[PDB]
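> got a sequence here, can you build the structure:
(chains A, B and C, ligands or ions: 2)
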Amino acid sequence: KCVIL
Amino acid sequence: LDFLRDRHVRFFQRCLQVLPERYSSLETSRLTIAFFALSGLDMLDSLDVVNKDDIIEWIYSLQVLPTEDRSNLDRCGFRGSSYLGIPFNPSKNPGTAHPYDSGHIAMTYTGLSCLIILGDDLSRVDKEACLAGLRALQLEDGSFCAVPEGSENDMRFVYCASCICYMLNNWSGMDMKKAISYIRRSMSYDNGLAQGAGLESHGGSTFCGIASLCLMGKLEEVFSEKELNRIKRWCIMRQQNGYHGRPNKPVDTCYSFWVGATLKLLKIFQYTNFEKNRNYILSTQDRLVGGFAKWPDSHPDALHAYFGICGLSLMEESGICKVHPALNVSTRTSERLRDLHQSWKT
Amino acid sequence: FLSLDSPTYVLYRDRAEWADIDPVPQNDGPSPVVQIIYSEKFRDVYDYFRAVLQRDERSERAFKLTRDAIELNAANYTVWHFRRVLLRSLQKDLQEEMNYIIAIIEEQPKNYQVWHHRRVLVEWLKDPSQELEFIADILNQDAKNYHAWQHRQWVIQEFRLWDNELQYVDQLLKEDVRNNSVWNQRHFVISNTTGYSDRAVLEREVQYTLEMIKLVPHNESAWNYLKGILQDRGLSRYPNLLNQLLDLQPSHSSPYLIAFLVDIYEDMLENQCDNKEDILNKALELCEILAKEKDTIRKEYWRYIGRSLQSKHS
Ligand SMILES: CC(C)=CCC/C(C)=C/CC/C(C)=C/CCN(C)CCOP(=O)(O)OP(=O)(O)O
Ligand SMILES: [Zn+2]
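Numbers count the residues shown, from 1 in each chain, chains lettered A, B, ... in the order given. Ligands and ions are numbered 1, 2, ... in the order given. Coordinates below:
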């Protein structure tokens, strides 16, 4: 996963 | 293999419908999930499969409008969702005062962006309120925070600010000179752009920096030719097959857009290897449920489904609209935005 | 106090201490978009969180409620903000909160809200004594965690804790000379302490990097550092570098080395060097070597660089 916030 | 277009259309449709209890951590940023889905359908020219009017009302119910006494201007913009419990109000009546209700820069950005994609004309958007809210978020160093109550500040939000100003076709939302200064100061010794001064340059922040400057129409003015050449070198070195976000890190589908789009804005994406990039992106395609993952044989999500598609778009994949690399919407949508801005000037 | 998975857990709607509060439900209107389905337990905690939030109740029970809301969703920035409001209002023991956030971050090291919370706490306490060790532990599970490095640079700069960082950097580079984050830290430390204008420092660094390159020649990070600390001084101003690199070419060759040479040659052409047309040819020769056999994936890029050199120096 890529958490950008 | 091949691009399973219909499968992805359904994937995005599902995202707009209902999400499993295990996506609760996205609650406060549901609006960006909607953006990934809508913009993704737009990119696949399938917005017809959704009720644009229902969604538009939902989005407007997320707008934080100024109160009667206009005392909450610095807190206007859009919410990520209705998690605060404020009664559903599609930007009709004024604002029902609440101690902790304010907008979030990334939501104001994706919100406006969604409205434009859905065909709305932004007439119900309190432009001045949003711009006032934006201004309040900028720090002395030129960067931005996400909410008036306070948060971390970095390049991600500088890009959000730029997009908002661009879409509202009004840059009074920021002190451009200071933002530009922040962007320049983020340049690393290796020539890429970092989240902030001194930090490791990164594909995500490099995109945010470069894209912001392009949106401001000041790329050439801010960086010298020599500088742009160094940045280009750093960016094109990110391709291994697909793209990674930092030297010596494994590739991830979403960088096919973050870096790819940057390369496009710098006019040298054309010199990258298309086949290996396309092959990598497709290798992360979920042939069963649709969508894309960051890595092959990994679970897909809305973010990678959207960016994987935009990555493919950069190479003009058969079946995918061309993506505007700086605004992060389909060129068609950017065009409609041009008409909108023009229409305003009357 | 009462854990969410305890056999005796009781919904807030069934707790006497909460009888006076009317829960506030979330409503997404007639046609909800990207609606997440919530368990009874989840919705129950948040229906009361909304109630307390809406009334800005600075109570001890609200403080305990945030602990649950956070366990359910640590990414809800509003919950963290409210918890900070309460920490102040109730004048809670911040040293205790430090232990709390320390555990939370270990479980969710990639969450933005938790790192921001810890930074606010350290600012409040003006105490950075636990920071460097805590970060080193996090970097132990992920040596490239961007949040960890960002926090580490903030702590070091804010409380001027430069004394041991260069040694920390040296230790990590030994564990993985390819960690691009550590090379960035090294440049961060040096440029903020001695700087690179001291020829003795520059020489130490250039020599250090060449040693690392010799150990693992195919490492973009090492090469980027070397070029980074010299590019603004002028690469062509170091005549012995050019020949030392040409000497490496035989065995320690890599696309990074070739690229470096091309960049050196270009600097020369940029500074009206002697044997201009000859230098240009040496560059073009390398550009093609990169395109045709050493960095083929960038074939069209290198040829594009070549065309740029010819049309600029002829
Ligand atoms: C909604 C929307 C389109 C927003 C655009 C504005 C933003 C938020 C851009 C974010 C760009 C970006 C990719 C930032 C990096 C985020 N991370 C994942 C940071 C640190 O986590 P790591 O796992 O170490 O990252 P990685 O290893 O992928 O570099
Ligand atoms: Zn990703």
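> every contact and neighbour count from this point should use C-alpha atoms.
Will do.
> strands of the stretch 51-200 of chain B, start to end?
Using DSSP state E, counting those that start in this stretch, the strands of the stretch 51-200 of chain B run over B:63-64, B:77-78.
> sorry, that was for the stretch 201-346 of chain B
Using DSSP E, counting those that start in this stretch, the strands found in the stretch 201-346 of chain B span residues B:323-324, B:329-330.
> now do the stretch 151-300 of chain C
Ranges of strands in the stretch 151-300 of chain C, per DSSP E, counting those that start in this stretch: none exist.
> how about the residues of it near chain B?
Residues of the stretch 151-300 of chain C that fall close to chain B, judged by CA under 8 Å from any CA of the partner chain: C:153, C:178-181, C:184-185, C:188, C:219-221, C:224-225, C:227-229, C:297-300.
> list the contacts of the residue lying closest to residue C:223 once chain neighbours are set aside.
Excluding its sequence neighbours, the residue lying closest to residue C:223 (CA to CA, 6 or more residues apart in numbering or on different chains) is residue C:256, at 6.6 Å. By CA atoms under 8 Å, 6 or more residues apart in numbering or on different chains, the contact set of residue C:256 is C:218-220, C:223.
> got the contact list for whatever helix or strand residue C:303 lives in?
Assignment of secondary structure by DSSP states H and E places residue C:303 within helix C:299-310. Under the contact criterion CA under 8 Å, 6+ apart, helix C:299-310 has outside partners B:268, B:271-273, C:266, C:280, C:283-284, C:287-288, C:290-292.
> and stretch B:13-33, by the same measure?
So stretch B:13-33 is contacted by A:5, B:34, B:37, B:49-50, B:59, B:79-81, B:83, B:106-107, B:110-111, B:302-303, C:32-39, C:73-76 (CA under 8 Å, 6+ apart).
> what residue, apart from its backbone neighbours, is nearest residue B:255 spatially?
residue B:243 (5.3 Å).
> for burial, what's the neighbour tally of the residue of chain B found nearest ligand 1?
Residue nearest to ligand 1 within chain B: residue B:204 (3.9 Å; CA to the nearest ligand atom). By other CA atoms under 10 Å in any protein chain shown, the residues close to residue B:204 number 23.
> let me know whether residue B:340 touches residue B:121 as I believe.
Yes - the pair residue B:340 / residue B:121 is scored as a contact, 6.9 Å apart, by CA atoms under 8 Å.
> residues contacting the closest residue to residue B:186 other than its chain neighbours?
The shortest distance from residue B:186 to any non-neighbouring residue, by CA to CA, 6+ apart, is to residue B:197 (4.2 Å). Applying CA under 8 Å, 6+ apart, we find residue B:197 in contact with B:182, B:185-188.
> quick one, what contacts residue C:131?
Residue C:131 makes contact with C:152, C:155, according to CA under 8 Å, 6+ apart.
> same question for residue B:330.
So residue B:330 contacts B:39, B:42-43, B:321-324 (CA under 8 Å, 6+ apart).
> returning to what we had before: in helices, which of the contacts of residue C:256 fall?
The members of these that map onto helices under DSSP state H are C:220, C:223.
> which of the contacts of residue C:256 are buried?
C:218-220, C:223 (16 or more other CA atoms under 10 Å in any protein chain shown).
> let's have these in JSON lines, adding distance to ligand 1.
What follows is those, written out as JSON lines (distance: CA to the nearest ligand atom, whole Å):
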{"residue": "C:218", "distance to ligand 1": "20"}
{"residue": "C:219", "distance to ligand 1": "18"}
{"residue": "C:220", "distance to ligand 1": "16"}
{"residue": "C:223", "distance to ligand 1": "20"}
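> closest to chain A among those residues?
Nearest to chain A among those, counting by CA to the nearest CA, is residue C:220 at 24.0 Å.
> residues touching the closest one, list them.
With the criterion set at CA under 8 Å, 6+ apart, residue C:220 makes contact with B:247-248, C:178, C:256.
> give me the residues contacting the helix or strand encompassing residue C:61.
Residue C:61 is part of helix C:60-72, with elements assigned from DSSP H and E. Contact with helix C:60-72 is made by C:1, C:3-4, C:42, C:45-46, C:49, C:52, C:76, C:79-80, C:83, C:86-87, C:90, as judged by CA under 8 Å, 6+ apart.
> give the buried residues for it.
C:62-63, C:65-70, C:72.
> report the contact partners of the residue of the stretch 51-200 of chain C found nearest chain A.
In the stretch 51-200 of chain C, the residue that lies nearest chain A is residue C:112 (6.6 Å; CA to the nearest CA). Residue C:112 makes contact with A:5, B:152, C:75, C:147, according to CA under 8 Å, 6+ apart.
> one more time with 10 Å, if that's ok
Counting by CA atoms under 10 Å, 6 or more residues apart in numbering or on different chains, residue C:112 touches A:3-5, B:151-152, C:74-75, C:77, C:105, C:147.
> again, but for residue B:90
Contacts of residue B:90 (CA under 10 Å, 6+ apart): B:56-63, B:124, C:29.
> what's the nearest residue to it if we skip its chain neighbours?
The nearest residue in space to residue B:90 (CA to CA, 6+ apart) is residue B:61, at 3.8 Å.
> isn't the one you found right next to residue B:94, touching?
No - judged on CA atoms under 10 Å, residue B:61 makes no contact with residue B:94 at a distance of 11.6 Å.
> so if I had to pick from these two, which one is more boxed in?
Comparing residue B:61 with residue B:94 by other CA under 10 Å, the one with more neighbours is residue B:61, at 23 against 13.
> just to revisit the earlier point, using CSV, write down the CA coordinates of the helix holding residue C:61.
Extracted in CSV, the C-alpha atoms of helix C:60-72 (Å, rounded to 0.1, in the frame of the first residue of the first chain):
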residue,chain,number,x,y,z
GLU,C,60,-11.6,12.8,31.0
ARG,C,61,-14.2,10.5,29.5
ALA,C,62,-13.7,12.1,26.1
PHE,C,63,-9.9,11.7,26.5
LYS,C,64,-10.4,8.0,27.0
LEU,C,65,-12.8,7.8,24.1
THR,C,66,-10.1,9.2,21.7
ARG,C,67,-7.9,6.2,22.7
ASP,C,68,-10.6,3.9,21.2
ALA,C,69,-11.2,6.1,18.2
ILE,C,70,-7.5,6.0,17.5
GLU,C,71,-7.3,2.2,17.8
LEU,C,72,-10.1,2.0,15.3
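> tilt between the following helix or strand past that helix and helix C:60-72?
Per DSSP H and E, the first helix or strand lying C-terminal to helix C:60-72 is helix C:77-89. Per axes from the mean of the first three to the mean of the last three CA atoms, to 10 degrees, the angle that helix C:77-89 makes with helix C:60-72 is 150 degrees.
> who are the packing partners of helix C:77-89?
Applying 3 or more CA pairs under 10 Å, 6 or more residues apart in numbering or on different chains; DSSP states H and E, one finds that helix C:77-89 contacts helix C:40-54, helix C:60-72, helix C:94-107, helix C:112-125.
> please compute how far the shortest one lies from its chain's middle.
Between the mean C-alpha point of helix C:60-72 and the mean C-alpha point of its chain there is a distance of 30 Å (CA atoms, centre = their mean, to the nearest Å).
> same thing with the third one?
Taking CA atoms, centre = their mean, one finds the center of helix C:94-107 at 20 Å from the center of the full chain.
> against which helices or strands is that helix packed?
helix C:60-72, helix C:77-89, helix C:112-125, helix C:131-141.
> can you tell me if it touches ligand 1.
No - residues of helix C:94-107 are not located near ligand 1 by CA under 6 Å from any ligand atom, the shortest gap being 13.4 Å.
> please point out which parts of that helix sit buried.
Buried residues in helix C:94-107 (16+ other CA under 10 Å): C:97-98, C:101-102, C:104-105.
> ok, the longest one next?
Within helix C:40-54, the residues scored as buried using 16+ other CA under 10 Å are C:41-54.
> which elements pack onto it?
Counting by 3+ CA pairs under 10 Å, 6+ apart, helix C:40-54 packs on helix C:60-72, helix C:77-89.
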